[PDB]
Amino acid sequence: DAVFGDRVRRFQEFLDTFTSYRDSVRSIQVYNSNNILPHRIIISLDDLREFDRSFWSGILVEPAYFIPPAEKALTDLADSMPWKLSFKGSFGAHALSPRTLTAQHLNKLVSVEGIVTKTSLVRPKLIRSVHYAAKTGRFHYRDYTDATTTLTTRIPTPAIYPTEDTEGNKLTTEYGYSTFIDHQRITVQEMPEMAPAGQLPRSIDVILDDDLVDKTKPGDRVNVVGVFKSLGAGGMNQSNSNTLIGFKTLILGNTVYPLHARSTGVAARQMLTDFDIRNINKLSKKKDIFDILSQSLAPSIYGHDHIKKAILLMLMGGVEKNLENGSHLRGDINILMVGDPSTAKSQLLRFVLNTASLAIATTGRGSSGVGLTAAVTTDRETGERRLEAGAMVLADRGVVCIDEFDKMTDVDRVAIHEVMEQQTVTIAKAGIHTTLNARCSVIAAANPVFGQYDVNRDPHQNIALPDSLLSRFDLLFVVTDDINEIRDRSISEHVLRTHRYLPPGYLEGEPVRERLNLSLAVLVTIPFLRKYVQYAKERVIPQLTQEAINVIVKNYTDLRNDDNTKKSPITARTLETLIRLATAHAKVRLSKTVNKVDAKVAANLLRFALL
Amino acid sequence: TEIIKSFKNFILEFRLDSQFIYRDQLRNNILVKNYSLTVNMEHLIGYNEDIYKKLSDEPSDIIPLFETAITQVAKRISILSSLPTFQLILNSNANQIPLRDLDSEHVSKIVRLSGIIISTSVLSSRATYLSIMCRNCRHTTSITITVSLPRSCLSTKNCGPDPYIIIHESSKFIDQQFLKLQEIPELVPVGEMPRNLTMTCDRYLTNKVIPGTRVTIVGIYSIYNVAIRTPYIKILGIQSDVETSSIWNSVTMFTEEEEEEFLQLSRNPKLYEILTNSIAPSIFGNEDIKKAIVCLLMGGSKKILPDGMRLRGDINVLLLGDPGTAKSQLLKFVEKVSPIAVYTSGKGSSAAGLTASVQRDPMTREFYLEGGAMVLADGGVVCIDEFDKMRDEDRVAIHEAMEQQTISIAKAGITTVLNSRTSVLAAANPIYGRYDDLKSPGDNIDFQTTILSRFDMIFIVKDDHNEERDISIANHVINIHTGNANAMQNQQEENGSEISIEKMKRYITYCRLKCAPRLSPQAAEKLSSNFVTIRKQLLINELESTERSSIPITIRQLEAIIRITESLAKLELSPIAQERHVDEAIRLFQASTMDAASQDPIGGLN
Amino acid sequence: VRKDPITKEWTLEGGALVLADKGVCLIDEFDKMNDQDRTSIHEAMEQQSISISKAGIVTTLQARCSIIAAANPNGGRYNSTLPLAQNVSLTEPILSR
DNA sequence: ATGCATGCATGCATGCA
DNA sequence: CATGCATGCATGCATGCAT
Ligand SMILES: Nc1ncnc2c1ncn2[C@@H]1O[C@H](COP(=O)(O)OP(=O)(O)O)[C@@H](O)[C@H]1O
Ligand SMILES: Nc1ncnc2c1ncn2[C@@H]1O[C@H](COP(=O)(O)OP(=O)(O)O)[C@@H](O)[C@H]1O
Ligand SMILES: [Mg+2]
Ligand SMILES: [Mg+2]
Ligand SMILES: [Zn+2]
């Protein structure tokens, strides 16, 4: 009875010392004085460790006797100037996974990372029930509670819905004046990247409510911070129930974070500071910007300067349109490479898979054409025939990297025609008729039909793809391994230079260590490239101008009536391609007008790709 | 009472092997936070037989006494040098009883069984200290551990029946697990379904075996519920008999004596020859194949660049040749002398795949890796026999696994990039039954010649018919059967001229774990000058002729040699690779690949 | 890895090659097998062992048994004009053991 | 004229209620 | 666990083109 108040005081003086969280109280409060933000604050456990070790160890080891006091202190501060708490920072040995969670950790605050495997349907929960009595003309109210509402244990109460007033007057429900709170239950499993091969994985349930009720979707990588609890009685109460059962366990979540990985739905994100923005703006002034940002892509590969420029343009992307009637004009860029063996194709696909904010990788004969377009007519537990998302659906607003693209059969290639140009997946099969969004872009690699590019034969004899498919690819590049003497000396020296490199903080001969990269979502280094791309894509939308209009219309007309031979046919789509590329370049310069240089660069790039 | 006294005396003073072992074992365990003690039951046929016969009979009543005795002696150990009850693991090496002979005479007695595990459930929570409260008057109390909660209020104003509630915030629990044992599926009856058994373990004996392990159990044959009950086994100890290696159970701890032994071996001025002579000494010749199989087991040196690109550090080897040249026996040997290794064929193994498979869980209906040879062997070696016959999806997957060291899965619902860092040793046979001299090497295979550029070294072993080497081989194979070439002729050679299979297996693990060589500036020049030379003599002969060479020379072979050279320095624990190693790298590369292009009409011109 | 008809229990059951260890396997109609049977027999006759990776069970089993097989030639009549390797469907890797 | 490759049509495996 | 319908994957056969 007295420890509670002492703990309340100790958290009040903890808030008093560190004034950051005080600031973040006026913040979600002055703004609710005209989306109401939710009253949840986040505290760093490192600060709480450096302030008071005993209180820190209590939260980590004995949450049920330390958290409610902190919540009461926080509510008191807010009212003086309820509010709930979330925790971030180091967790020591408490940071576990579904495989390593044992009975030793029950009734402790833990953080668990894994893959979200099964979500539920959000439902409301009754928390206060109001009633009206017309005979007396008065309002009454009842309250309810359950085990999973508070951390401490409270004697069960006899939940009963009132129907008659003490005087006998009949009551009627006032559904609009009652209180309801949302509730979801999810399942977390051990990630495939960490689970041992050939062994069945382990799972754990998590319960979320209120403002944490819908923040992740199945198949995502998640990190949940909450209390590991026990409920019920494993036959103990019963005189004779069984001797082979135990108590039921679950996690009362209070924080959920989505983690970004490779070939996963969640998209990476960084927090941009004033320093980052200033540096980006300063860097964008230099005239060689398109070359600085372009030679820094895969700097361990020699040459391919134009494929690298195309990669950067695809990363930046153009601007799409939506007319009033309801028309849609594509705004993405797609790339195809056809090449000889050992021309650094799969090593550029993997670079894109590793540097793009969201990308999914797929091979050729590997994934069928229903696994890409989401034809997952399946059934759920409720019984509703549902479509399960696919590679191109999950990659909405992302990229798809296709390796061995020539091995994909026609029955599988024809499913991608709609996605590459209409940017939708309309599935109509027994009992189901729906349309999903697939606004993705594609980068694909392939090799000739003869093993190597035969220069004597016509391009159609080598590439061997339909013109329908070839039109949808914006840029098609041909790469050849021609044996030289001057070039071989340079490419050997470069390769041998790469193979002699020591990471900082290592001793020559010491093996290097590898780790998995699970970041927390929300020449120049790679991080700066990501920051630059994010800023440019999120805060720039250029507009066409007459000069670009003239350059594009001249180039298109000249290309259509030509006596040359092209690796791909020329249609109306090419015009749009010229408009896209131009816009992308204007996006790289952080300009709001597609100037003439943009159009000229687009023309040069397309002409190199074709001729 | 006397039981607890005798047990305490036993633990405190046994002194077998002129040393007290349980005392020091407790001293170590109480520090490493392992509240348990392991004791052999035959030791108790010594010090006192009365307690041994009192334990083997009516064990359910005696075990608790021993455990509390251990707790009270650990008290003394801690004080002289709050914790929970100490668990007793009970190993044994006595006669076993077949799983099919358990009957009434064995009920409630300690028994020894042997079998194979086939399933292991998830862990369960059992209570060891309950805190309870009366819902009417708020009387609080506790329980210590079938026990049940007080039927009536103990405060003695009528609280009623079952007035207590469990206060979980202050209670204590422990783990539990279930296991299924099945009789070895090789002495079953001749067409009757095999028997099986259930078993329950707790506390410190959970998460110690995985399905498919052959094991021995010591436990209690107990019974649980017209007058028919269900038998089962209460585990007291488990001992693994047959297991399988993998990445997760690998041992990274080296004893000081082992370190000194390996450091002494590293300085042998003839190590590179002893290692070669230890590779399959029962086959005749094939010196260069063995020298390559040695560089294969060490690997190169993987690098990571500040741009996120990953450089490979493994060797892939291909063997083409006629039937009966002992190229299948070599793969079987490579399988036995590597820490992690899988041996398979092109079309997979019986009821086991070749690459990653993603099937749904038997119970949960969720996605899980079933298991594939290219992911089971991560960090090891995969030996693929009959490389020429296999499915197309397998080809496309192995191509990625062989350079990017990973397999990517994009199925409905699940998308993941796995890890497959292995080395491929492949054996194939030419079409038509013999390797024709008139036809180019590319026309003697049954798959795209674009695949031959993947491997780092290709050997073409041909069986030439000669009346001398025939008698030589006949005498050699007669000797191994006669027994004079058995373990009489290779034991003489272990005296500094040969290594054993387990010594060398550990010497490979130590080298992989400790050393990662790096070329020197002189070796870079000597490697960059040979490459610009091998590729002029291919352009010349291709320009002269009309067709292209079946065996191509690509940038993947410059790195293949940088890997052969970095691998020849890693067996000596050397931190820098010198031109002395580049010379041997070039020599090995000329005997395998350029000797394969030497037989092509176009590439082998001049 | 199948289910027991009566006990509702999983059972790891090796084929006739793992059940015939230290014995003999008598195979009839040896020329009319599917892919699975050919792969299993190939592994047994090569390494005298059988691997398995199914439903959480990753193990190997001994198959040290001799094999006696019966078959019929292509087309139902032996053609003495051709080598034996062309009168039977079995490939060379299995016919060399 | 023969052989190989590609596309199509027939079969099976799954999944279901 | 048998019956019968709809999806999706795999295989074998036929036809056309090239050498
Ligand atoms: N231009 C290049 N610069 C540097 N390394 C290269 C270059 N071209 C090829 N390589 C190397 O050769 C190897 C070829 O592998 P990969 O990229 O898969 O070939 P492919 O072009 O068939 O995809 C890579 O490991 C890469 O490091
Ligand atoms: N060079 C050799 N030295 C010793 N024994 C050999 C040699 N070549 C073949 N043998 C014998 O032949 C068998 C190997 O045949 P196998 O490897 O199955 O043929 P293949 O290599 O065509 O698959 C072994 O039993 C081995 O004793
Ligand atoms: Mg490739
Ligand atoms: Mg063989
Ligand atoms: Zn009471």
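Here is what the cut-offs are and how they apply
- Residues numbered from 1 in each chain as written, not as in the entry; some residues may be left out.
- Chains lettered and ligands numbered in written order.
- Part of a larger assembly, values for the part shown.
- Heavy atoms only, no water.
- Pairing = 2+ DSSP bridges.
- Helix = DSSP H or I, 4+ residues; strand = E, 2+ residues; numbered from the N terminus.
- Axes fitted to C-alpha atoms, helices over the stretch in contact; angles between N-to-C directions.
- Near = heavy atom within 4 Å.
- Nonpolar A, V, L, I, M, F, W, Y, C, P; charged D, E, K, R; others polar.
- Contact = heavy atoms within 4.5 Å.
- Buried area = accessible area lost by both parts, 1.4 Å probe.
- Salt bridge = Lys/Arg side-chain N within 4 Å of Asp/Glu carboxyl O.
- Expected span 1.5 Å × (residues − 1).
- Buried < 20%, exposed > 50% of the residue type's maximum accessible area, 1.4 Å probe, protein only.
- Polar contact = N/O pair within 3.5 Å; in protein donor to acceptor, adjacent residues only side chain to side chain.
- Areas by Shrake-Rupley, 256 points an atom, 1.4 Å probe, with all protein chains shown as cover.
- Donors = N, O, S within 2.8 Å, 3.2 Å for Na, K, Ca; no water.
- Tetrahedral: all angles 85-135°; square planar, octahedral: opposite > 155°, others 65-115°.

Regarding how it was determined, this PDB entry cites cryo-EM in its header, along with a resolution of 3.41 Å.

**Quick look at the sheet that holds strand 14 (residues 335-339) of chain A**
Residues and elements named next belong to chain A. Spatial strand order, 15-18-21-14-22: 5 strands in an open sheet with parallel pairing. One side of each edge strand has no neighbouring strand; the edge strands of this open sheet are strand 15 (359-362) and strand 22 (475-479). The sheet shows a mean angle of 15 degrees between the axes of neighbouring strands, taken without regard to direction. As judged from the 4 bridges shared by strand 14 and strand 21 (residues 441-446), these two strands associate in the parallel manner. Paired with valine 338 across the two strands is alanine 446, which belongs to strand 21.

**Overview of the protein's contact with DNA strand E**
Within the structure, DNA strand E sits among A:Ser368, A:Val370, A:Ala375, A:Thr377, A:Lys429 and A:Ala430. Classifying every residue of the surface near DNA strand E by side-chain character gives 3 nonpolar, 2 polar and 1 charged.

**Here's the deal with the interface of chain C and chain B**
Opposite the 28 residues of chain C that make contact, chain B presents 30 residues. Carbon and sulfur atoms supply 51% of the area buried between chain C and chain B, which totals about 2,800 Å² over both sides. Applying the counting criterion to the chain C and chain B interface returns 1 salt bridge. Residues B:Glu370 and C:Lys54 are paired through a salt bridge, measuring 3.7 Å at the closest nitrogen-oxygen approach.

**Observations concerning helix 5 (residues 67-80) of chain A**
Here helix 5 of chain A spans 20 Å end to end across 14 residues, near enough to the 20 Å set by a 1.5 Å rise per residue. Along helix 5 of chain A, the positions that sit buried rather than exposed are A:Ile67, A:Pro69, A:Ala70, A:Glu71, A:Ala73, A:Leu74, A:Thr75 and A:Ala78.

**Topic: the protein's contact with DNA strand D**
Lining the immediate surroundings of DNA strand D are A:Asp379, A:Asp410 and B:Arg365. Taking A:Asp410, its side chain carries an N or O atom lying 3.0 Å from a phosphate oxygen of DNA strand D. In the environment of DNA strand D, a phosphate oxygen lies 3.3 Å from a nitrogen or oxygen atom belonging to the side chain of B:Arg365.

**Concerning the site of ligand 2**
As a structural note, the neighbourhood of ligand 2 is formed by B:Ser282, B:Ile283, B:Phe284, B:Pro323, B:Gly324, B:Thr325, B:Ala326, B:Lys327, B:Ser328, B:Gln329, B:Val477 and C:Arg97. Those chains with residues close to ligand 2 are chains B and C. Contacts to ligand 2 include B:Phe284, whose backbone N or O atom sits 2.9 Å from a nitrogen atom. Within the contact set of ligand 2, an oxygen atom lies 2.9 Å away from a backbone nitrogen or oxygen of B:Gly324. Protein contact buries 69% of the 570 Å² of open area that ligand 2 shows by itself. Considering every element that reaches the shell around ligand 2, the biggest residue donor is helix 9 (residues 327-336) of chain B, with 3 residues. Considering only residue class, the shell around ligand 2 consists of 5 nonpolar, 5 polar and 2 charged.

**Some remarks on the coordination of the zinc ion (ligand 5)**
Residues and elements named next belong to chain B. Those protein atoms acting as donors to the zinc ion (ligand 5) are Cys134 (SG), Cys137 (SG), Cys153 (SG) and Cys159 (SG), and they sit at 2.3 to 2.4 Å. Geometry at the zinc ion (ligand 5) is tetrahedral, judged from the 4 donor atoms that bind it and their angles of 97 to 123 degrees at the metal. By relative accessible area, which is 0% here, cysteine 134 ends up buried. Taking the relative accessible area as the measure of exposure, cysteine 153 reaches 12% and is therefore buried.

**Here we look at the pattern of salt bridges**
Enumeration over the complete set of coordinates arrives at 58 salt bridges over all chains. Note that A:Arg330 and A:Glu421 form a salt bridge whose closest N and O atoms lie 3.1 Å from each other. On the criterion of sequence distance, the pair formed by A:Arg330 in the loop between strand 13 (328-329) and strand 14 and A:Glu421 in helix 13 (residues 417-422) is long-range, its members being 91 residues apart. A:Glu421 gets classed as buried once you look at its relative accessible area, which sits at 18%. The shortest N-O distance in the salt bridge between A:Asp481 and B:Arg535 comes to 3.1 Å. One end of the pair, A:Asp481, is in the loop between strand 22 and helix 16 (486-498); the other, B:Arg535, is in the loop between helix 14 (521-534) and helix 15 (536-544), on a second chain. What you see here is one network of salt bridges that share partners, running through A:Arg330, A:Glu421, A:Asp474, A:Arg573, A:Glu576 and A:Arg580.

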